[PDB]
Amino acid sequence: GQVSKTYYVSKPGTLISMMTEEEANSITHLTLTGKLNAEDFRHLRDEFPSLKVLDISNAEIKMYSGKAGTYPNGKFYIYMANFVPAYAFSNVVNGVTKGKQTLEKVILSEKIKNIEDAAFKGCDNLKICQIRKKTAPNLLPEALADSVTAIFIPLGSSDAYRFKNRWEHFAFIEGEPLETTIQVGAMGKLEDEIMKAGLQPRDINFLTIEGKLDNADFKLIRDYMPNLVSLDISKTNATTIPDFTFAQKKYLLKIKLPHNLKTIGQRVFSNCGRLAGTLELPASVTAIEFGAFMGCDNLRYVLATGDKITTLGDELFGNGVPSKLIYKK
């Protein structure tokens, strides 16, 4: 994207000393090769304010012992070789967890043995952790949040990840992550616009749609996007979400609904078990049809931001489930 740089780090802990502050401040996409240690991670965490994508898949993490690492409050700590260091991108600033909020994607090497305690804790925008290892590295407490980050792993590796301790509930997607923004004109088609972008609908994991969204476009999302992790359709003119649109969405972690949405069809979010906290409804919603949120076990609330709901279908939240519907009123 914006500013892409590649640095070969000859000596671990010397990353920050290889460029100026103005250079490091502008980097959004950083690829590192060579040798790194927890001191480089501290600089990546505390400096590099524009860092969005960190590719360390061809870098080696060397052992470091000292006070210049990522462990909070400058405490002496021993950082093992091939370990994503403890608190790599998480700090504790006067009792408050401060994660690296610009960090959206990390790419780890096949040499990673451990992802240490709280490595990405509070990194609320870490949508991707791509690991080039055929088997899962050890995952330590609070290192990755399965409600936040999707794990991109090599082809045929799902079984060498999903049964490992602390990895059991992550969204695992084999192959490369694909994030895209698609512009759909008033007489256009999402399917045609995806094809013009040189993409395959099935490959899409993080999608932003802007412009026109109709029933045929939603059918493409429903039937040909099984690996959809995040969907942002807020900037679309869709007023209805057809029945079962997000029912077959095993990896769907986040959705931003159309800004002028009126109707949520039947079982639209059926079995969307990864959606959490509060799902905010546009103020224009007037109808939520039969079982729209059945099987959304992790969803705490559905917040109606308007006073326009007049039609609520039956069993919106599943059998015997107390209503999760709340109002901003």
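Numbering starts at 1 and runs along the sequence shown.
Asker: Decide which of the stretches 143 to 151 and 89 to 97 has the higher mean C-alpha B-factor, going by the entry.
Answerer: Mean B over CA atoms: larger for 89 to 97.
Asker: On mean Cα temperature factor in this entry, is 191 to 199 or 220 to 228 the higher one?
Answerer: Comparing averages over the C-alpha atoms only gives 191 to 199.
Asker: Could you tell me which one of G291, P49, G273, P282 shows the highest CA temperature factor in the PDB record?
Answerer: Among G291, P49, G273, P282, the highest C-alpha B-factor in the entry belongs to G273.
Asker: Based on what the PDB entry reports, which of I241, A119, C129, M80 has the top C-alpha B-factor?
Answerer: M80 has the highest C-alpha B-factor of those listed.
Asker: Hey, what third does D40 fall into on Cα B-factor, ranked over its chain?
Answerer: For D40, the deposited C-alpha B-factor lands in the lowest third.
Asker: Consider only the C-alpha atoms of the modelled residues in this chain, order them by B-factor as the entry records it, and name the third containing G69: lowest, middle or highest.
Answerer: Answer is middle: the recorded C-alpha B-factor places it there.
Asker: Split into thirds by Cα B-factor across the chain's modelled residues, where does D124 land: lowest, middle or highest?
Answerer: It falls in the middle third of the chain.
Asker: Based on the entry's values, in what third of the chain does the Cα temperature factor of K212 lie: lowest, middle or highest?
Answerer: Highest third - that is where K212 ends up once the chain's C-alpha B-factors are sorted.
Asker: Where does the C-alpha B-factor of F163 rank in its chain, lowest, middle or highest third?
Answerer: Tercile = highest for this residue's CA B-factor.
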